[PDB]
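Visitor: To start, I am sharing the structure in question, which I have written as structure tokens.
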Amino acid sequence: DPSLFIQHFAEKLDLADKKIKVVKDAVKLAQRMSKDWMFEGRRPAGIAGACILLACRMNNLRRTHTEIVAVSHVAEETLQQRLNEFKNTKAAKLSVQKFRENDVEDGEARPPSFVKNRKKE
DNA sequence: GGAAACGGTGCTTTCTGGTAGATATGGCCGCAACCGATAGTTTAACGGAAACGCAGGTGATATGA
């Protein structure tokens with residue numbers, strides 16, 4: 001599961017005393033994105049890297065793509081693809097701000113896997 | 001009624017030469033024993049065959065990387 005990867009990445013990055021908060025927020029991000037269907041058939045190191053990036057953002061701490069792709073085996077373009085995908089989810093730009101909002105429900109999930117075919121038709 | 005004198009020769013005896021076995025000493029011939037050597041296992045440990053697993057000549061279905 002992604003929990004092991006985020007723990008190892010946080011341990012190897014050694015960001016600050018905030019490691020626990022970063023890992024806990026990354027767990028919540030990974031769980032929410034999994035409930036949004038954005039994890040089936042996809043790389044564990046990619047979800048872990050993106051969840052840490054989002055957790056760091058929620059914790060107001062800055063990091064370069066080069067450090068998160070040093071611990072994770074996935075390429076920078078994969079992190080950016082997943083970041084943009086997260087940003088297109090239901091109410092993302094309306095909930096990605098401060099105060100850690102309680103919105104966790106799935107609603108209707110519309111991943112690229114079938115939506116690319118819906119666009120092609 | 002018989003024993004004493006002594007002639008007959010049957011039966012026996014050593015001096016000896018014969019028969020011929022015996023062996024202290026001797027010289028060959030070859031058995032009993034040792035130190036010697038050739039051949040033996042099966043494995044140190046890794047050199048070997050047979051035993052062993054992934055590639056490359058197409059194709060190419062998915063949706064992520």
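Quick note on naming: the chains in the structure tokens go A, B, ... in the order shown, residues restart at 1 in each chain, and ligands are numbered from 1 in order of appearance.
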Chain A: which residues are helix (DSSP H, G or I) by DSSP, as a ChimeraX atom specification?

Guide: /A:2-13,19-35,44-58,65-71,76-87,92-95,112-120

Visitor: If you take only C-alpha atoms (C1' of nucleotides) and a cut-off of 9 Å, which residues of chain B touch chain A, and what are their nearest atom pairs and distances in Å to one decimal, in chain and number order, as a tab-separated table?

Guide:
```
residue	atom	partner	partner_atom	distance
B:63	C1'	A:113	CA	6.5
B:64	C1'	A:42	CA	7.1
B:65	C1'	A:78	CA	7.0
```

Visitor: With only C-alpha atoms (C1' of nucleotides) as the counted atoms, please give the residues lying no more than 9 Å from stretch 81-90 of chain A, apart from itself and same-chain residues fewer than 5 positions off, as a list in words.

Guide: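 The neighbour list is residues 33, 36, 38, 46, 47, 50, 53, 54, 76, 96, 106, 107, 108, 109, 110, 111 and 112 of chain A.
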
Visitor: Between A:64, A:72, A:102, A:31, which has the minimum distance to residue A:10 (counting only C-alpha atoms)?

Guide: A:72

Visitor: Can you measure atom CA of residue A:104 to atom CA of residue A:32 for me? One decimal in Å is fine.

Guide: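 Taking atom CA of residue A:104 as the start and atom CA of residue A:32 as the end point, the length is 5.9 Å.
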
Visitor: One decimal, Å: what's the distance from atom CA of residue A:8 over to atom CA of residue A:99, could you say?

Guide: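 Those two atoms sit 26.8 Å apart.
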
Visitor: Would you compute the distance between atom CA of residue A:103 and atom CA of residue A:7? Give it in Å to one decimal.

Guide: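 Between atom CA of residue A:103 and atom CA of residue A:7 the gap is 24.4 Å.
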